[PDB]
Amino acid sequence: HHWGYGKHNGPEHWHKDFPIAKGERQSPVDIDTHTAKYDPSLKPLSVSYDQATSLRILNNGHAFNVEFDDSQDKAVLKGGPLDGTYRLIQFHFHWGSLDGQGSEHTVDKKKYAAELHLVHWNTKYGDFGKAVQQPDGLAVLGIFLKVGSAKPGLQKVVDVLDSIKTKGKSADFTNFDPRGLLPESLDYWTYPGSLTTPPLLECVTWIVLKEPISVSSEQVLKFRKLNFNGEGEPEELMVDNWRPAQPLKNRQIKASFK
Ligand SMILES: [Zn+2]
């Protein structure tokens, strides 16, 4: 049974094919802001996206991925909790069927309308495929989305979605600047975790920003027009593609701010 987000193949089923689903460092988690400790030894976070080169956008049947050329040292994350340099490979979102749900992480149980994941691999492991064999192979910057004013820098993504409606469709998607998706502040929480989709590998230093970005109702409505199914199969709207919060299991969440 191909994994997904439905009643018979959704998150409660994943552990059968991917037993790490019940591991010690699974994501997402609820961020209890009152038990996250400020860590003054955290270096400032460095998000350097000015030379980023997007290549393509792809509906993979679970979300849409905007992919980058990661063959050179061009869009990198470093500092904060990280001990090396991590290179951007792709970003994607999780979102709900309703504005009241859709994020993976929660903040004192609060769910946002959506959540953006910018996925980076540790350059000391040479590429993404080898990085995912390592416990510190990945760093994911998570950014919450709330519904309000439109985010202009998101609109180029919104407008290509009609060309990738169904699973397996891809489109050229060059010159997209992910700096237009970032909120003002880089204040964050950080904790060790996992990929939130199968194979759920425990490679990730999570860096979750406190400040959400606002997107318009119309922008998120266009996300909900995508399809999980392939062309020529019955239409199932791509909505509620979020894994719920998982047990923290005595991990600690650190805050970059007071
Ligand atoms: Zn994700």
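First listed ligand is number 1; within each ligand, the first listed atom is number 1. Quick note: numbers below take in every heavy atom, side chains included, and nothing from hydrogens, waters or symmetry partners. Residue numbers count from 1 along this sequence.
Using bins of under 30°, 30° to 60° and over 60° for the plane-to-plane angle, the ring pair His105/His117 lands in the perpendicular bin. By the 30° and 60° cut-offs, the orientation of the rings of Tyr112 relative to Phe144 is parallel. Using cut-offs of 30° and 60° on the angle between ring planes, the pair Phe93 and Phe223 is tilted. In this structure, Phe68 and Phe91 have tilted ring planes: the angle between them lies in the 30° to 60° band.
For the Zn ion (ligand 1), protein N, O or S atoms closer than 2.8 Å were enumerated as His92 NE2, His94 NE2, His117 ND1, with waters left out.
Few gaps surround CG on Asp50; more than 12 heavy atoms of other groups in view lie less than 6.0 Å from it.
Separation of atoms CD (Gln219) and CH2 (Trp95) is listed at 13.5 Å; rounding is to 0.5 Å.
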